[PDB]
Amino acid sequence: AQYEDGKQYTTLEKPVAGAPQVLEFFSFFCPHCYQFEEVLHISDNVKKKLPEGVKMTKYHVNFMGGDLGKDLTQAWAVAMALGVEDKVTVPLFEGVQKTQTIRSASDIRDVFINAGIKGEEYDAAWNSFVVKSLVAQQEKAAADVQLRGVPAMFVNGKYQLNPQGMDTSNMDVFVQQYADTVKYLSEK
């Protein structure tokens, strides 16, 4: 067939009930994730090809970057709670991987301040139980699929994107193959 299990995707032998329809995992420490965000705009091209009625979820993971890795997962919860993902994603990626100016929780906080989120608002979110449970959701979702690597995308808790099995000679072609695969899995 044109789409084959173990080719553009793999199937979870342990399917995950009630999972988000499109579920993406990343880390601000992850070099391919930076590419996915900045150069390829994967999430965005997937959205453009997804049907009507389908929500997209993106979570940060702990297993890269030790202590700062966890701070970043909590900061991403803050971003989700405040709805400011589109304002902090780029400066967080560049702060961690390009300029290497993010070294502590305070430096993460600076990125939000510079993006116009108020200090008071940020610290209140950071310390809130709503953010605590948002952190829990990120961890539980990643635990459910026993996630050892990022970037990762899962469709309705049973299919996992396999970008290794797509051509990378052309970045545009790679992205469309990726997005078309998500759409195919979606309609499955």
# chains A, B, ... in the order shown; residues from 1 in each chain; ligands from 1
$ select_by_dssp --residues "range 54-159 of chain A" --states "alpha helix (DSSP H)" --output "PDB file with N, CA and C atoms, in the first residue's frame"
ATOM      1  N   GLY A  66      17.661  17.919  32.351  1.00  0.00           N
ATOM      2  CA  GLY A  66      17.576  17.844  33.800  1.00  0.00           C
ATOM      3  C   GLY A  66      16.678  18.872  34.464  1.00  0.00           C
ATOM      4  N   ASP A  67      17.241  19.605  35.422  1.00  0.00           N
ATOM      5  CA  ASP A  67      16.465  20.556  36.201  1.00  0.00           C
ATOM      6  C   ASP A  67      15.774  21.618  35.335  1.00  0.00           C
ATOM      7  N   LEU A  68      16.497  22.175  34.371  1.00  0.00           N
ATOM      8  CA  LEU A  68      15.915  23.196  33.495  1.00  0.00           C
ATOM      9  C   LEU A  68      14.826  22.584  32.613  1.00  0.00           C
ATOM     10  N   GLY A  69      15.007  21.323  32.246  1.00  0.00           N
ATOM     11  CA  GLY A  69      14.001  20.615  31.480  1.00  0.00           C
ATOM     12  C   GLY A  69      12.641  20.602  32.153  1.00  0.00           C
ATOM     13  N   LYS A  70      12.618  20.320  33.451  1.00  0.00           N
ATOM     14  CA  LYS A  70      11.399  20.378  34.258  1.00  0.00           C
ATOM     15  C   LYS A  70      10.825  21.775  34.428  1.00  0.00           C
ATOM     16  N   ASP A  71      11.694  22.770  34.640  1.00  0.00           N
ATOM     17  CA  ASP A  71      11.261  24.175  34.699  1.00  0.00           C
ATOM     18  C   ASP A  71      10.573  24.530  33.419  1.00  0.00           C
ATOM     19  N   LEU A  72      11.113  24.034  32.301  1.00  0.00           N
ATOM     20  CA  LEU A  72      10.529  24.347  30.999  1.00  0.00           C
ATOM     21  C   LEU A  72       9.161  23.695  30.824  1.00  0.00           C
ATOM     22  N   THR A  73       8.971  22.495  31.367  1.00  0.00           N
ATOM     23  CA  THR A  73       7.668  21.843  31.301  1.00  0.00           C
ATOM     24  C   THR A  73       6.663  22.651  32.114  1.00  0.00           C
ATOM     25  N   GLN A  74       7.063  23.121  33.293  1.00  0.00           N
ATOM     26  CA  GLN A  74       6.168  23.987  34.082  1.00  0.00           C
ATOM     27  C   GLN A  74       5.894  25.325  33.357  1.00  0.00           C
ATOM     28  N   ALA A  75       6.918  25.893  32.715  1.00  0.00           N
ATOM     29  CA  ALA A  75       6.745  27.141  31.955  1.00  0.00           C
ATOM     30  C   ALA A  75       5.811  26.948  30.776  1.00  0.00           C
ATOM     31  N   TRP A  76       5.871  25.774  30.153  1.00  0.00           N
ATOM     32  CA  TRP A  76       4.981  25.514  29.047  1.00  0.00           C
ATOM     33  C   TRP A  76       3.539  25.395  29.574  1.00  0.00           C
ATOM     34  N   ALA A  77       3.358  24.773  30.739  1.00  0.00           N
ATOM     35  CA  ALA A  77       2.045  24.759  31.379  1.00  0.00           C
ATOM     36  C   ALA A  77       1.546  26.195  31.580  1.00  0.00           C
ATOM     37  N   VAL A  78       2.429  27.078  32.068  1.00  0.00           N
ATOM     38  CA  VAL A  78       2.078  28.491  32.243  1.00  0.00           C
ATOM     39  C   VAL A  78       1.646  29.078  30.911  1.00  0.00           C
ATOM     40  N   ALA A  79       2.439  28.828  29.871  1.00  0.00           N
ATOM     41  CA  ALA A  79       2.082  29.292  28.540  1.00  0.00           C
ATOM     42  C   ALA A  79       0.685  28.784  28.121  1.00  0.00           C
ATOM     43  N   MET A  80       0.397  27.506  28.349  1.00  0.00           N
ATOM     44  CA  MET A  80      -0.907  26.939  27.955  1.00  0.00           C
ATOM     45  C   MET A  80      -2.035  27.582  28.767  1.00  0.00           C
ATOM     46  N   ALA A  81      -1.820  27.725  30.069  1.00  0.00           N
ATOM     47  CA  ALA A  81      -2.834  28.313  30.944  1.00  0.00           C
ATOM     48  C   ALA A  81      -3.156  29.763  30.542  1.00  0.00           C
ATOM     49  N   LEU A  82      -2.142  30.535  30.153  1.00  0.00           N
ATOM     50  CA  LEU A  82      -2.330  31.949  29.792  1.00  0.00           C
ATOM     51  C   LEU A  82      -2.669  32.132  28.323  1.00  0.00           C
ATOM     52  N   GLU A  85       1.303  30.653  24.066  1.00  0.00           N
ATOM     53  CA  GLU A  85       2.212  29.760  23.358  1.00  0.00           C
ATOM     54  C   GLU A  85       2.856  30.403  22.156  1.00  0.00           C
ATOM     55  N   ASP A  86       2.068  31.144  21.391  1.00  0.00           N
ATOM     56  CA  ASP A  86       2.577  31.693  20.147  1.00  0.00           C
ATOM     57  C   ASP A  86       3.533  32.859  20.381  1.00  0.00           C
ATOM     58  N   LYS A  87       3.636  33.321  21.623  1.00  0.00           N
ATOM     59  CA  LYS A  87       4.511  34.448  21.907  1.00  0.00           C
ATOM     60  C   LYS A  87       5.821  34.065  22.559  1.00  0.00           C
ATOM     61  N   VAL A  88       5.889  32.854  23.114  1.00  0.00           N
ATOM     62  CA  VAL A  88       7.071  32.456  23.871  1.00  0.00           C
ATOM     63  C   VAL A  88       7.830  31.325  23.205  1.00  0.00           C
ATOM     64  N   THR A  89       7.188  30.617  22.283  1.00  0.00           N
ATOM     65  CA  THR A  89       7.807  29.437  21.703  1.00  0.00           C
ATOM     66  C   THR A  89       9.123  29.769  21.044  1.00  0.00           C
ATOM     67  N   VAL A  90       9.125  30.756  20.171  1.00  0.00           N
ATOM     68  CA  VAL A  90      10.355  31.114  19.485  1.00  0.00           C
ATOM     69  C   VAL A  90      11.458  31.637  20.456  1.00  0.00           C
ATOM     70  N   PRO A  91      11.148  32.636  21.306  1.00  0.00           N
ATOM     71  CA  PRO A  91      12.229  33.060  22.209  1.00  0.00           C
ATOM     72  C   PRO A  91      12.714  31.988  23.173  1.00  0.00           C
ATOM     73  N   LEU A  92      11.875  31.023  23.537  1.00  0.00           N
ATOM     74  CA  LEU A  92      12.371  29.941  24.388  1.00  0.00           C
ATOM     75  C   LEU A  92      13.344  29.040  23.616  1.00  0.00           C
ATOM     76  N   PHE A  93      12.955  28.613  22.422  1.00  0.00           N
ATOM     77  CA  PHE A  93      13.849  27.818  21.584  1.00  0.00           C
ATOM     78  C   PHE A  93      15.205  28.508  21.369  1.00  0.00           C
ATOM     79  N   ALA A 105      15.421  29.232  35.958  1.00  0.00           N
ATOM     80  CA  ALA A 105      13.999  29.531  35.887  1.00  0.00           C
ATOM     81  C   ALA A 105      13.784  31.028  35.702  1.00  0.00           C
ATOM     82  N   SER A 106      14.662  31.839  36.295  1.00  0.00           N
ATOM     83  CA  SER A 106      14.516  33.295  36.210  1.00  0.00           C
ATOM     84  C   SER A 106      14.699  33.748  34.760  1.00  0.00           C
ATOM     85  N   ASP A 107      15.616  33.104  34.049  1.00  0.00           N
ATOM     86  CA  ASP A 107      15.816  33.421  32.643  1.00  0.00           C
ATOM     87  C   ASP A 107      14.604  33.022  31.807  1.00  0.00           C
ATOM     88  N   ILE A 108      13.972  31.903  32.149  1.00  0.00           N
ATOM     89  CA  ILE A 108      12.733  31.521  31.448  1.00  0.00           C
ATOM     90  C   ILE A 108      11.694  32.610  31.688  1.00  0.00           C
ATOM     91  N   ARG A 109      11.545  32.984  32.954  1.00  0.00           N
ATOM     92  CA  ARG A 109      10.626  34.037  33.325  1.00  0.00           C
ATOM     93  C   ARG A 109      10.863  35.325  32.515  1.00  0.00           C
ATOM     94  N   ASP A 110      12.136  35.695  32.318  1.00  0.00           N
ATOM     95  CA  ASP A 110      12.495  36.909  31.543  1.00  0.00           C
ATOM     96  C   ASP A 110      11.888  36.911  30.128  1.00  0.00           C
ATOM     97  N   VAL A 111      11.936  35.751  29.481  1.00  0.00           N
ATOM     98  CA  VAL A 111      11.336  35.580  28.152  1.00  0.00           C
ATOM     99  C   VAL A 111       9.849  35.954  28.168  1.00  0.00           C
ATOM    100  N   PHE A 112       9.116  35.501  29.184  1.00  0.00           N
ATOM    101  CA  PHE A 112       7.691  35.827  29.279  1.00  0.00           C
ATOM    102  C   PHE A 112       7.480  37.337  29.511  1.00  0.00           C
ATOM    103  N   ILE A 113       8.292  37.912  30.396  1.00  0.00           N
ATOM    104  CA  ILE A 113       8.230  39.355  30.712  1.00  0.00           C
ATOM    105  C   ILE A 113       8.468  40.173  29.456  1.00  0.00           C
ATOM    106  N   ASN A 114       9.491  39.804  28.706  1.00  0.00           N
ATOM    107  CA  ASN A 114       9.814  40.507  27.480  1.00  0.00           C
ATOM    108  C   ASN A 114       8.741  40.323  26.410  1.00  0.00           C
ATOM    109  N   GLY A 119       4.718  40.263  35.241  1.00  0.00           N
ATOM    110  CA  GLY A 119       5.414  39.506  36.266  1.00  0.00           C
ATOM    111  C   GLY A 119       4.469  38.854  37.244  1.00  0.00           C
ATOM    112  N   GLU A 120       3.641  39.697  37.831  1.00  0.00           N
ATOM    113  CA  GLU A 120       2.552  39.314  38.706  1.00  0.00           C
ATOM    114  C   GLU A 120       1.674  38.186  38.146  1.00  0.00           C
ATOM    115  N   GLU A 121       1.312  38.315  36.881  1.00  0.00           N
ATOM    116  CA  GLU A 121       0.501  37.304  36.216  1.00  0.00           C
ATOM    117  C   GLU A 121       1.268  35.990  36.036  1.00  0.00           C
ATOM    118  N   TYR A 122       2.514  36.096  35.593  1.00  0.00           N
ATOM    119  CA  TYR A 122       3.372  34.922  35.444  1.00  0.00           C
ATOM    120  C   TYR A 122       3.609  34.163  36.755  1.00  0.00           C
ATOM    121  N   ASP A 123       4.010  34.859  37.819  1.00  0.00           N
ATOM    122  CA  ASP A 123       4.334  34.171  39.062  1.00  0.00           C
ATOM    123  C   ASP A 123       3.105  33.531  39.660  1.00  0.00           C
ATOM    124  N   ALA A 124       1.961  34.185  39.513  1.00  0.00           N
ATOM    125  CA  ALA A 124       0.709  33.632  40.012  1.00  0.00           C
ATOM    126  C   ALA A 124       0.384  32.340  39.257  1.00  0.00           C
ATOM    127  N   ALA A 125       0.461  32.391  37.932  1.00  0.00           N
ATOM    128  CA  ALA A 125       0.296  31.174  37.130  1.00  0.00           C
ATOM    129  C   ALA A 125       1.299  30.093  37.551  1.00  0.00           C
ATOM    130  N   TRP A 126       2.592  30.441  37.544  1.00  0.00           N
ATOM    131  CA  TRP A 126       3.664  29.497  37.889  1.00  0.00           C
ATOM    132  C   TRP A 126       3.345  28.692  39.149  1.00  0.00           C
ATOM    133  N   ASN A 127       2.767  29.357  40.147  1.00  0.00           N
ATOM    134  CA  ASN A 127       2.556  28.756  41.458  1.00  0.00           C
ATOM    135  C   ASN A 127       1.146  28.155  41.593  1.00  0.00           C
ATOM    136  N   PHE A 129      -2.271  25.833  41.213  1.00  0.00           N
ATOM    137  CA  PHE A 129      -2.644  24.425  41.091  1.00  0.00           C
ATOM    138  C   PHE A 129      -3.176  24.068  39.707  1.00  0.00           C
ATOM    139  N   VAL A 130      -3.724  25.051  39.002  1.00  0.00           N
ATOM    140  CA  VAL A 130      -4.176  24.802  37.646  1.00  0.00           C
ATOM    141  C   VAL A 130      -2.960  24.478  36.779  1.00  0.00           C
ATOM    142  N   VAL A 131      -1.842  25.140  37.050  1.00  0.00           N
ATOM    143  CA  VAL A 131      -0.610  24.827  36.339  1.00  0.00           C
ATOM    144  C   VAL A 131      -0.045  23.499  36.838  1.00  0.00           C
ATOM    145  N   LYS A 132      -0.112  23.244  38.147  1.00  0.00           N
ATOM    146  CA  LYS A 132       0.254  21.923  38.670  1.00  0.00           C
ATOM    147  C   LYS A 132      -0.456  20.777  37.914  1.00  0.00           C
ATOM    148  N   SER A 133      -1.752  20.914  37.653  1.00  0.00           N
ATOM    149  CA  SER A 133      -2.449  19.783  37.029  1.00  0.00           C
ATOM    150  C   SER A 133      -2.140  19.723  35.525  1.00  0.00           C
ATOM    151  N   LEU A 134      -1.850  20.880  34.930  1.00  0.00           N
ATOM    152  CA  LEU A 134      -1.404  20.987  33.536  1.00  0.00           C
ATOM    153  C   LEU A 134      -0.032  20.295  33.345  1.00  0.00           C
ATOM    154  N   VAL A 135       0.865  20.458  34.316  1.00  0.00           N
ATOM    155  CA  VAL A 135       2.123  19.718  34.352  1.00  0.00           C
ATOM    156  C   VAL A 135       1.853  18.192  34.444  1.00  0.00           C
ATOM    157  N   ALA A 136       0.914  17.813  35.312  1.00  0.00           N
ATOM    158  CA  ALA A 136       0.509  16.422  35.472  1.00  0.00           C
ATOM    159  C   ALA A 136       0.018  15.840  34.162  1.00  0.00           C
ATOM    160  N   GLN A 137      -0.767  16.611  33.409  1.00  0.00           N
ATOM    161  CA  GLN A 137      -1.319  16.117  32.143  1.00  0.00           C
ATOM    162  C   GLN A 137      -0.218  15.838  31.139  1.00  0.00           C
ATOM    163  N   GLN A 138       0.737  16.771  31.037  1.00  0.00           N
ATOM    164  CA  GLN A 138       1.898  16.601  30.154  1.00  0.00           C
ATOM    165  C   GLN A 138       2.676  15.345  30.483  1.00  0.00           C
ATOM    166  N   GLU A 139       2.924  15.132  31.768  1.00  0.00           N
ATOM    167  CA  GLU A 139       3.657  13.947  32.191  1.00  0.00           C
ATOM    168  C   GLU A 139       2.852  12.661  31.951  1.00  0.00           C
ATOM    169  N   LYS A 140       1.568  12.677  32.308  1.00  0.00           N
ATOM    170  CA  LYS A 140       0.730  11.489  32.121  1.00  0.00           C
ATOM    171  C   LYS A 140       0.600  11.090  30.648  1.00  0.00           C
ATOM    172  N   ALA A 141       0.380  12.066  29.770  1.00  0.00           N
ATOM    173  CA  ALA A 141       0.287  11.788  28.345  1.00  0.00           C
ATOM    174  C   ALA A 141       1.574  11.152  27.813  1.00  0.00           C
ATOM    175  N   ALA A 142       2.714  11.637  28.289  1.00  0.00           N
ATOM    176  CA  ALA A 142       3.998  11.104  27.828  1.00  0.00           C
ATOM    177  C   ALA A 142       4.250   9.730  28.420  1.00  0.00           C
ATOM    178  N   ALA A 143       3.830   9.549  29.663  1.00  0.00           N
ATOM    179  CA  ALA A 143       3.918   8.250  30.327  1.00  0.00           C
ATOM    180  C   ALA A 143       3.074   7.204  29.601  1.00  0.00           C
ATOM    181  N   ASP A 144       1.855   7.582  29.208  1.00  0.00           N
ATOM    182  CA  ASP A 144       0.934   6.676  28.525  1.00  0.00           C
ATOM    183  C   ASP A 144       1.550   6.000  27.296  1.00  0.00           C
TER     184      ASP A 144
END
$ closest_atom_pairs --of "range 31-142 of chain A" --to "range 151-155 of chain A" --cutoff "9 Å" --atoms "only C-alpha atoms" --output "tab-separated table"
residue	atom	partner	partner_atom	distance
A:32	CA	A:151	CA	6.7
A:33	CA	A:151	CA	5.5
A:36	CA	A:151	CA	8.0
A:58	CA	A:153	CA	8.9
$ residues_around --residues "residue 187 in chain A" --least-positions-apart "6" --cutoff "12 Å" --atoms "only C-alpha atoms" --output "ChimeraX atom specification"
/A:21-22,49-52,54,155-156,159,180-181
$ write_last_selection --atoms "N, CA, C and O atoms" --output "short mmCIF file (atom, residue, chain, number, x, y, z; two decimals), in the first residue's frame"
data_model
loop_
_atom_site.label_atom_id
_atom_site.label_comp_id
_atom_site.auth_asym_id
_atom_site.auth_seq_id
_atom_site.Cartn_x
_atom_site.Cartn_y
_atom_site.Cartn_z
N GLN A 21 -6.70 13.85 19.92
CA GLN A 21 -6.72 13.42 18.53
C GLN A 21 -5.33 13.54 17.89
O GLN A 21 -4.76 12.54 17.44
N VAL A 22 -4.79 14.75 17.85
CA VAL A 22 -3.41 14.97 17.44
C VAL A 22 -2.57 15.45 18.62
O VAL A 22 -2.78 16.55 19.14
N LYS A 49 -4.03 21.06 7.12
CA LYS A 49 -4.51 19.91 6.36
C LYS A 49 -5.46 19.04 7.15
O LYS A 49 -6.08 18.13 6.59
N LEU A 50 -5.54 19.26 8.46
CA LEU A 50 -6.50 18.56 9.31
C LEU A 50 -7.94 18.97 9.02
O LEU A 50 -8.23 20.14 8.76
N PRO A 51 -8.86 17.98 9.11
CA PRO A 51 -10.31 18.18 8.98
C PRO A 51 -10.89 19.20 9.94
O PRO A 51 -10.21 19.70 10.83
N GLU A 52 -12.15 19.53 9.70
CA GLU A 52 -12.90 20.33 10.64
C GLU A 52 -13.30 19.46 11.84
O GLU A 52 -13.72 18.31 11.67
N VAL A 54 -11.20 18.78 14.58
CA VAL A 54 -10.06 18.11 15.21
C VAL A 54 -9.11 19.08 15.93
O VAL A 54 -8.58 20.03 15.34
N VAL A 155 -1.39 10.01 16.69
CA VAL A 155 -2.77 10.25 16.24
C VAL A 155 -3.77 9.28 16.91
O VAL A 155 -3.66 8.04 16.78
N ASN A 156 -4.70 9.88 17.66
CA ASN A 156 -5.76 9.28 18.50
C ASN A 156 -5.27 8.12 19.35
O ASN A 156 -5.89 7.05 19.37
N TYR A 159 -1.57 5.74 16.64
CA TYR A 159 -0.52 5.78 15.62
C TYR A 159 0.55 6.82 15.88
O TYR A 159 0.24 7.93 16.28
N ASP A 180 0.28 15.22 5.24
CA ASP A 180 -0.58 14.25 4.57
C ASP A 180 -0.66 12.95 5.32
O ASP A 180 -1.69 12.29 5.31
N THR A 181 0.43 12.54 5.96
CA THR A 181 0.38 11.33 6.75
C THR A 181 -0.52 11.51 7.96
O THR A 181 -1.34 10.63 8.26
#
$ atom_distance --atom1 "CA of residue 150 in chain A" --atom2 "CA of residue 83 in chain A"
22.8 Å
$ residues_around --residues "residue 15 in chain A" --least-positions-apart "3" --cutoff "7 Å" --atoms "only C-alpha atoms" --output "tab-separated table (two decimals) with N, CA, C and O atoms, in the first residue's frame"
chain	number	residue	atom	x	y	z
A	12	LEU	N	0.91	1.69	17.87
A	12	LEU	CA	1.17	1.36	19.25
A	12	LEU	C	0.49	0.04	19.54
A	12	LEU	O	-0.73	-0.09	19.40
A	157	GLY	N	-4.13	8.32	19.97
A	157	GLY	CA	-3.59	7.32	20.84
A	157	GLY	C	-3.22	5.97	20.27
A	157	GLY	O	-2.96	5.05	21.03
A	158	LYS	N	-3.24	5.83	18.96
A	158	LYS	CA	-2.79	4.55	18.43
A	158	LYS	C	-1.78	4.59	17.29
A	158	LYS	O	-1.07	3.60	17.10
$ select_by_dssp --residues "range 3-176 of chain A" --states "strand (DSSP E)" --output "number ranges by chain"
A: 9-11, 22-26, 56-60, 152-155, 159-161
$ atom_distance --atom1 "CA of residue 40 in chain A" --atom2 "CA of residue 145 in chain A"
24.7 Å
$ residues_around --residues "residue 167 in chain A" --least-positions-apart "4" --cutoff "12 Å" --atoms "only C-alpha atoms" --output "list in words"
residues 7, 8, 162, 163, 171, 172, 173, 174, 175, 176, 177 and 178 of chain A
$ write_last_selection --atoms "C-alpha atoms" --output "compact mmCIF listing (two decimals), in the first residue's frame"
# COMPACT_ATOMS: atom_id res chain seq x y z
CA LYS A 7 6.95 3.00 7.15
CA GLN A 8 5.49 6.51 7.56
CA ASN A 162 7.71 8.02 11.66
CA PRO A 163 9.62 10.85 9.94
CA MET A 171 12.26 20.37 3.26
CA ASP A 172 8.92 21.41 1.72
CA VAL A 173 8.21 17.94 0.38
CA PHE A 174 9.06 16.43 3.77
CA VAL A 175 6.59 18.67 5.56
CA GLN A 176 3.74 17.85 3.14
CA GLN A 177 4.44 14.14 3.37
CA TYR A 178 4.37 14.51 7.14
$ closest_residue --among "A:61, A:1, A:42, A:17" --to "residue 148 in chain A" --atoms "only C-alpha atoms"
A:61
$ atom_distance --atom1 "CA of residue 35 in chain A" --atom2 "CA of residue 186 in chain A"
23.8 Å
